[PDB]
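The form deposited in one PDB entry is given below as one chain in structure tokens.
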């Protein structure tokens, strides 16, 4: 008896997918307006059906419903049936940012900083609401429309996003020493994104996955002159202030926006 999404939206081409998600272009039957419909497969232990837990779906949905910013996708409706939760989301048609940048001729640092600034604005909005994205990477940085003079960044995939934040005689050492994961992880990811934006190279990427993980944990990277010889010193400083091991030492999003490199843009 729940409202069926197909009674309100006609479904079209598949646009993307994940382990437990399929995204289709759809058209609102009432208006003709186009959206993206994200079908999230529900876990059903009873039927041995693998999928996303109720709690995880609720987490993502509750975050999406709070978000209203021009650089983040917007949520328009929610449907649920036996097997799926279906989210009607803002349609982004310009593809991945880094695919668009690859197609450009003579991409300059100043032009690159313009897109980075949009990413900072979206993240500043998120962090102002205590939302960490936790999966900031090029594949989650889309463009609304790539056939415009100044294409607009749209962040997607809030699948692992989280809202952040007596006697001690009986607490364990790991509790004493506990430091929760927070907004700082996004700021590290921004550092990595900035490095690849300015160079075309991934800073921690190893020949094998174990090497990559080792590099990240040691914070082992370089500004190779092949790629960085004519990158501004302000850009390198921006990156260096984000790619530090201690989360509490990293620039926060407000600091990032007040950095001389960004203030110049």
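Think of the rigid core as the biggest set of C-alphas that the two forms share within 1.5 Å after superposition. Numbering follows the first chain given and starts at 1.
Per the record, residue 103 and residue 104 are directly connected, as no deposited residue between them is missing from the model.
Legend: mean Cα B-factor per stretch from the PDB entry, 82 to 90 versus 103 to 111; the higher mean is in 103 to 111. Residue 184: CA B factor in the middle third of modelled residues in this chain (values from the PDB entry). When all modelled residues of the chain are sorted by CA temperature factor, residue 173 is found within the lowest third. In the PDB entry, a CA B factor belonging to the lowest third of its chain's modelled residues is recorded for residue 60.
Split the chain's modelled residues into thirds by C-alpha temperature factor. Residue 33 is in the highest one. Residue 229 sits in the lowest third of its chain by CA B factor, as recorded in the PDB entry.
Separately, the form deposited in another entry exists; it is not shown, and the next lines address it.
Core-aligned CA deviation for residue 177 between this form and the one not shown: 2 Å or greater.
Residue 49 shows a C-alpha shift of 2 Å or greater between this form and the one not shown [criterion: core-superposed Cα displacement of 2 Å].
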